[PDB]
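**Student:**
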Amino acid sequence: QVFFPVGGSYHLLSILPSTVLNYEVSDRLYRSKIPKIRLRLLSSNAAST
Amino acid sequence: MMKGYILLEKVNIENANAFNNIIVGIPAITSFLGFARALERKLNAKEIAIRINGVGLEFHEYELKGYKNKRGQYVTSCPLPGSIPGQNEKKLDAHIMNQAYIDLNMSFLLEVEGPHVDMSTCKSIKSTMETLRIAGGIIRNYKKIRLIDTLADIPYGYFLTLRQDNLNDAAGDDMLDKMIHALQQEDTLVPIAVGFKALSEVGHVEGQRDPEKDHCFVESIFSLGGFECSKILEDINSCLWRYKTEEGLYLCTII
Amino acid sequence: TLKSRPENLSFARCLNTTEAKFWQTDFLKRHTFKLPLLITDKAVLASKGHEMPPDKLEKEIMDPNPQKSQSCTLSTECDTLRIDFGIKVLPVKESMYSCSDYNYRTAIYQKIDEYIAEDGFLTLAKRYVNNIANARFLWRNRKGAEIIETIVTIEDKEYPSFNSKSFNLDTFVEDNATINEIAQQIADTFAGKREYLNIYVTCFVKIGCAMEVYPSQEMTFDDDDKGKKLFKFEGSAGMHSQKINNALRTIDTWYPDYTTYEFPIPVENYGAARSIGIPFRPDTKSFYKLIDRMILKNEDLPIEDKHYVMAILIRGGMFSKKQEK
Amino acid sequence: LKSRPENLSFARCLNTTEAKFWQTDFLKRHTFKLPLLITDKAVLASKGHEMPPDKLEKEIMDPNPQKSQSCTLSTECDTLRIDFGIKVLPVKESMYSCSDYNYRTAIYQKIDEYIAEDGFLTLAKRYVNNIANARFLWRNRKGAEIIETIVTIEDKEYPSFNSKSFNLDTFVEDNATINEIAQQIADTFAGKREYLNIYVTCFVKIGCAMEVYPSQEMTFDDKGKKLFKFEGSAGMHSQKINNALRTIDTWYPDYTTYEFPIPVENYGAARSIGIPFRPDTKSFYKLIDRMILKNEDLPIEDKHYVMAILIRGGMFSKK
DNA sequence: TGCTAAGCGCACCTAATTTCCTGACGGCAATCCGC
RNA sequence: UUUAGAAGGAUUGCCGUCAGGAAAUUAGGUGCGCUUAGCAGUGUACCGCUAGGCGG
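Taken in sequence, the protein lines are chains A, B, C and D. In terms of the working numbering, the first sequence is residues 5 to 53. In terms of the working numbering, the second sequence is residues 359 to 613. In terms of the working numbering, the third sequence is residues 13 to 337. In terms of the working numbering, the fourth sequence is residues 126 to 444.
Have a look at this one:
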């Protein structure tokens, strides 16, 4: 959750990540040559979780 | 009142954030503008009214925390996770989530409009940039906080400007395909996180950090940007990232 | 009344250590000479000497085990190691970045100012300067050292240096003049009487001529390569800030069973050192119960428990309520 | 105490530095030293590898170009000089991880009992016997007129060693210099002295323009001979010096049949004699589960083996 | 305490060809799940 | 008011043995480096009679 300036006041923004986007990026960057980094961090147990 | 330009020269950020759902690299631009608004709100609390409305983002050196493999790719490291609040908080080994970290040397040119913009304000920023963080990283050291006049006192470095016309005028399909084709055509162009678009409506939910300010759920929206030298930058005002709001769009734009 | 903790209580660090960089020097020219220390790659041929099932042992006991590694050693003509790191001490009241309830903020600010009244962050600060002056931040680089010399430079004043082999790692001294001088400034920085404190620490460890230097190891998950990937900061060896900070938070000597195990542990929430695999403060002297007995069911806890709660709040973290659906 | 800790590990107690190679002349060996550098050597060969009968017909008279490297002395030098140094660290202050405190207390009690019986003196005498016989010169001990090993601790240069007068299958316990160095390593291992830095310099008179064999580096993917360069000059791995210093085990079950020492490993593996010599009840795992987990006064030879592995180190951790 | 000012530094033709570039064995154990 | 705030990656190791790079050669032709000037700036700084000022 972060704050964002809206017209002299502020709006709290709780950011929800996108699963489907990340999936589409991972599909469309295996078949490509733009700079890319694989994030080997999430184990299968936590991904199941 | 008195417009001016303050340059925070060679700020060395240590262990900033680098993950924005599909990006591992340069932090979000909302983070640097949040450093700006945090500097603004802490100066306006020492009774120094200074409204910061435009930030330049210059880059001198970087080090993504990790190593470069023999095949030329990047492997990103993480600190060992400690006690993380939850059901498994008493176990000695904690879960590892997606996280990336970067080290940056950056210079921030700010568009400052206050009653008086003098070198006392520069001393106030010096006494205010040692209790703040850029992205989520600590400031090890800064060179100098100085006032600049034109595009000649600016040191050498490569700014970040928004290149959306290289993304709207791209190959086809959907915006991800336009992005991938555009990054294939211009290899000196990077994806950048540029703000947020709402996924709900303004209202009060339970669990907020501040229970009295409005709240909206958001996704991050991303675009393209590129690097231009300090010598070859025309009339400044095109390296100045500024807040811009719409109905459902929380965007950081170079106008 | 206050019947819980806030739905989003957060705290920032108040002892912000920086990454370390390793240098190689001589000792009779340690104030003038400074050479870079680089991390080499050392590949090894080993034997499979790990424990395996008795069926796999008959098939693999005499099989070669090649492994990948990295190693940092000194030069053939420089006998000392120079580590230089910096800290950013910050106030405790001005490190609360988030709090939903206003009354909990008022109550916690009252309890921090009551701690400023009685022992105003001074015993904790003396313990943090002892963990600089015994050089606990030399984790495996403190073993096999002829002379260890630690120099602290607050602002621009260079304080008299420390003989870090004359301090015991399990006894905190409260009588050295240099430690008291540094600790009063750290205490005033934690109170809020100073808004920031910049401390720069430089160490000199005379291990020997071409001996092994031990940087911090990076957790890098790669499927193709699985080796000792050490930490390179700006091309040269170094240590993470978390390693040095975990060394400096080893000040807790107020756990329920200190008389048996007589060694300081790092200040964590449930008392979870990574050496001993049993939680050292798991129910009655944990931070969550000892802050819900301090702020919610008002009560004057003993000063050792107040030391532990304040040391957690200097460590900082996500300290909210058991989040519900 | 049931079962070893989930995170149990030990650090080395004999830290050996990487070795640097030099060239001298033997009558000028105390006043003159030059760098020895590795030279690339591309070699053309015949196809002498064993091939199946449908490949030999096509590739028996085919040229075999191969890349390689070599180290050779100069035409004016007759002696190789190897310089390394050893840091001796205490044994109780070497457990890097132990999740149980009772197991730490039991290990410290059994090490203190060993200090009571033999103050790490037989092990240290064997280590100085593998410094004095010059076993760290692996293929550089073959074909040498005179080998002189000098040992320097602090600022005292101990009397030099005629390394060629030492059999490699026996261990001398009556040499004054070996006993005097081994007593210092013994007191360092025990705890009386907190550290000991021992610097070794060995002069190998092999001859003029003869070959010096460094340590070859390991290649993993799909290679040629890459030899070790320590600070530009040729050199050897610390691993190779330590595997020649831990060749002290004459306590395995089948010693009376094969009467030579082997390096001290967990399952008793020896790559020279390609047989495991400690595959069962006389291995470290079953001698540390019968010394601390089920208290039993082991024989003294087995105690020598357990303390020798606790000087070697490793991840001895149960699931 | 000075050490010069001025012009300019080629046009052509090309840069080989054969045979090949090793065989072995092996590449760790632990831990990183909320409900 | 910053995808906010928090985090010890650790311990251990033998890369080895072996080798024919080799045979042949045309680099050539051609050419304007010129003009001019104070080693001057006093060219030196000593011989005597506490700090300071003085015969020739």
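Don't be surprised by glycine CBs; every beta carbon is placed ideally from N, CA and C.
Pick out whichever of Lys-41/C, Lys-68/C, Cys-84/C, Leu-136/C has its Cα sitting closest to the Cα of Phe-34/C.
**Tutor:** Here the question's residue 34/C lines up with position 22 in the third sequence. Comparing Cα positions, the closest option is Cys-84/C.
**Student:** Does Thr-262/C pass the burial test, meaning 16 or more other C-beta atoms within 10 Å, or should it be called exposed?
**Tutor:** Start at 1 with the first residue of the third sequence, and residue 262/C comes out as number 250. Its Cβ being crowded by 16 or more others within 10 Å, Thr-262/C is buried.
**Student:** Select from the stretch 211 to 245 of chain C all residues with a C-beta closer than 8 Å to any C-beta belonging to chain A, and list them in chain order.
**Tutor:** Listed by position along the chain: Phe-233, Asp-234, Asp-235.
**Student:** Can you have a look at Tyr-226/C and say buried or exposed, based on whether 16 or more other CB atoms are within 10 angstroms of its CB?
**Tutor:** Here residue 226/C corresponds to residue number 214 of the third sequence, with the count starting at 1. Buried, by the Cβ-count rule.
**Student:** Since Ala-203/C and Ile-128/C should fall inside the 8 Å C-beta cutoff, what is the C-beta to C-beta distance between them, to a whole number of angstroms?
**Tutor:** By 1-based counting over the third sequence, the position of residue 203/C is 191. By 1-based counting over the third sequence, the position of residue 128/C is 116. Contact flag correct, Cβ pair sits at about 5 Å.
**Student:** Listed in chain order, which residues of the stretch 29 to 53 of chain A have Cβ atoms closer than 8 Å to some Cβ of chain C?
**Tutor:** Taking 8 Å as the Cβ-Cβ cut-off against chain C, the residues of the stretch 29 to 53 of chain A that qualify are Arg-44, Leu-45.
**Student:** Should the stretch 264 to 277 of chain D be regarded as contacting the stretch 325 to 340 of chain D, the criterion being three or more beta carbon pairs within less than 8 Å?
**Tutor:** At 8 Å Cβ cutoff, the stretches touch.
**Student:** If we count the other Cβ atoms within 10 Å of its Cβ and call it buried at 16 or more, is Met-455/B buried or exposed?
**Tutor:** Position 97 of the second sequence, counting from 1, holds the residue named residue 455/B. Exposed is the call here.
**Student:** Check the C-beta distance from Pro-401/D over to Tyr-410/D and give it rounded, since I have them as a contact under 8 Å.
**Tutor:** Sequence index remark: in the fourth sequence, residue 401/D carries index 276 (1-based). Sequence index remark: in the fourth sequence, residue 410/D carries index 285 (1-based). At roughly 13 Å, the Cβ-Cβ gap does not stay under 8 Å, so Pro-401/D and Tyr-410/D are not in contact.
**Student:** According to the Cβ coordinates, are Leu-598/B and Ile-612/B closer than 8 Å?
**Tutor:** Position 240 of the second sequence, counting from 1, holds the residue named residue 598/B. Position 254 of the second sequence, counting from 1, holds the residue named residue 612/B. Yes.
**Student:** In the structure shown, what three-state DSSP assignment does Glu-106/C receive?
**Tutor:** Stepping through the third sequence from its first residue, residue 106/C is reached at position 94. Looking at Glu-106/C - three-state DSSP - the assignment turns out to be helix.
**Student:** On the premise that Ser-478/B lies in contact with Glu-367/B, defined as a C-beta separation below 8 Å, what is that separation, rounded to the nearest angstrom?
**Tutor:** On the second sequence, residue 367/B is found 9 positions in, with the first residue counted as 1. On the second sequence, residue 478/B is found 120 positions in, with the first residue counted as 1. Rounded, the Cβ-Cβ distance is 18 Å, inconsistent with contact.
**Student:** How about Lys-183/D: is its C-beta nearer than 8 Å to some C-beta of chain C?
**Tutor:** Counted from its first residue, the fourth sequence places residue 183/D at position 58. Answer no: the Cβ-Cβ gap between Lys-183/D and chain C never drops below 8 Å.
**Student:** So, does the stretch 512 to 530 of chain B touch the stretch 583 to 596 of chain B, judging by three or more C-beta pairs under 8 Å?
**Tutor:** Yes, the stretch 512 to 530 of chain B touches the stretch 583 to 596 of chain B.
**Student:** In chain order, what residues of the same chain have a beta carbon less than 7 Å from the beta carbon of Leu-509/B, not counting five sequence neighbours either side?
**Tutor:** Indexing the second sequence from 1 puts residue 509/B at position 151. Correct list, in chain order: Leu-591, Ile-594.
**Student:** With DSSP as the reference, identify every bridge partner of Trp-35/C, one or two as the case may be.
**Tutor:** For the purposes of this step, residue 35/C is taken as residue 23 along the third sequence, with counting starting at 1. Note: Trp-35/C sits in a beta bridge opposite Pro-48/C, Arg-94/C.
**Student:** In whole angstroms, what separates the C-alpha of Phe-157/D from that of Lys-60/C?
**Tutor:** Translated into positions along the fourth sequence, residue 157/D becomes position 32. Translated into positions along the third sequence, residue 60/C becomes position 48. Computed Cα separation, rounded: 43 Å.
**Student:** Count the C-beta pairs between the stretch 258 to 275 of chain C and the stretch 143 to 157 of chain C that are closer than 8 Å, then say yes if the count reaches three, no if not.
**Tutor:** With the cut-off at 8 Å, the stretch 258 to 275 of chain C and the stretch 143 to 157 of chain C touch.
**Student:** Is it right to say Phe-345/D is buried, meaning 16 or more other beta carbons lie within 10 angstroms of its own, or is it exposed?
**Tutor:** For this step, residue 345/D is matched to residue 220 along the fourth sequence. That one is exposed.
**Student:** Can you check which of these residues, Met-537/B, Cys-480/B, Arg-504/B, is closest to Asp-545/B by C-alpha distance?
**Tutor:** For the purposes of this step, residue 545/B is taken as the residue at position 187 of the second sequence. When each option's Cα is compared against that of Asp-545/B, the closest is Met-537/B.
**Student:** With a threshold of 8 Å between beta carbons, is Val-10/A in contact with chain B?
**Tutor:** Numbered from 1 along the first sequence, position 6 holds the residue referred to as residue 10/A. Yes - at least one Cβ of chain B is within 8 Å of the one on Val-10/A.
**Student:** Should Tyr-273/C be flagged as near chain D, meaning a C-beta pair shorter than 8 Å?
**Tutor:** Translated into the one-based positions of the third sequence, residue 273/C becomes position 261. Taking Cβ atoms only, chain D reaches closer than 8 Å to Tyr-273/C, which makes this a yes.
**Student:** Does DSSP put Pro-178/D in a helix, a strand or coil?
**Tutor:** Position 53 of the fourth sequence, counted from the first residue, corresponds to residue 178/D. Three-state result, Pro-178/D: helix.
**Student:** Relative to chain C, which residues along the stretch 200 to 213 of chain D have a C-beta separation below 7 Å, given in chain order?
**Tutor:** Here the close residues are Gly-210, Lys-212.
**Student:** Which residues in the same chain as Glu-201/D place their Cβ atom closer than 8 Å to its Cβ, once the five residues preceding and following it in sequence are excluded?
**Tutor:** For the purposes of this step, residue 201/D is identified with residue 76 of the fourth sequence, where counting begins at 1. Here the set comprises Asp-150, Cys-333.
**Student:** Given a cut-off of 8 Å, decide if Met-223/C and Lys-212/D are closer than it, judged by their beta-carbon atoms.
**Tutor:** Here the question's residue 212/D lines up with position 87 in the fourth sequence. Here the question's residue 223/C lines up with position 211 in the third sequence. Yes, they are a contact pair.
**Student:** Between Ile-381/B and the rest of its own chain, which residues show a CB-CB distance below 8 Å, the 5 nearest in sequence each way excluded?
**Tutor:** Numbered from its first residue, the second sequence carries residue 381/B at position 23. Answer for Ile-381/B: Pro-549, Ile-550, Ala-551, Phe-580, listed in chain order.
**Student:** Among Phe-355/D, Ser-408/D, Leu-126/D, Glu-282/D, whose alpha-carbon lies nearest the alpha-carbon of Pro-378/D?
**Tutor:** Position 253 of the fourth sequence holds residue 378/D. It is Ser-408/D whose Cα lies nearest to the Cα of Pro-378/D.
**Student:** Please list, in chain order, the chain B residues whose beta carbon lies closer than 7 Å to that of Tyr-14/A.
**Tutor:** The residue you call residue 14/A lines up with position 10 of the first sequence. Chain B residues near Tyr-14/A: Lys-571.
**Student:** In the DSSP output, which residue or residues are listed as bridge partners for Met-343/D?
**Tutor:** As a first step, residue 343/D must be located in the fourth sequence, where it is residue number 218. Answer is none; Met-343/D lacks a bridge partner.
**Student:** Roughly how far, in whole angstroms, is the beta-carbon of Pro-385/B from the beta-carbon of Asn-375/B, given that I think they are within contact range, below 8 Å?
**Tutor:** In the second sequence, the residue the question calls residue 385/B occupies position 27. In the second sequence, the residue the question calls residue 375/B occupies position 17. Contact holds; Cβ gap of about 5 Å.
**Student:** Please report how far the alpha carbon of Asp-91/C lies from the alpha carbon of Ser-178/C, in whole angstroms.
**Tutor:** By 1-based counting over the third sequence, the position of residue 91/C is 79. By 1-based counting over the third sequence, the position of residue 178/C is 166. Roughly 21 Å between the two C-alpha positions.
**Student:** So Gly-440/B and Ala-458/B are in contact, right, with Cβ under 8 Å, and what is the actual spacing, rounded?
**Tutor:** Here residue 440/B corresponds to residue number 82 of the second sequence, with the count starting at 1. Here residue 458/B corresponds to residue number 100 of the second sequence, with the count starting at 1. Rounded, the Cβ-Cβ distance is 18 Å, inconsistent with contact.
**Student:** Tell me the DSSP bridge mates of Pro-18/C?
**Tutor:** Indexing the third sequence from 1 puts residue 18/C at position 6. Note: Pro-18/C sits in no beta bridge, so no partner.
**Student:** Would you list the one or two residues that DSSP bridges to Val-431/D?
**Tutor:** As a first step, residue 431/D must be located in the fourth sequence, where it is residue number 306. Beta-bridge pairing links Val-431/D to no other residue.
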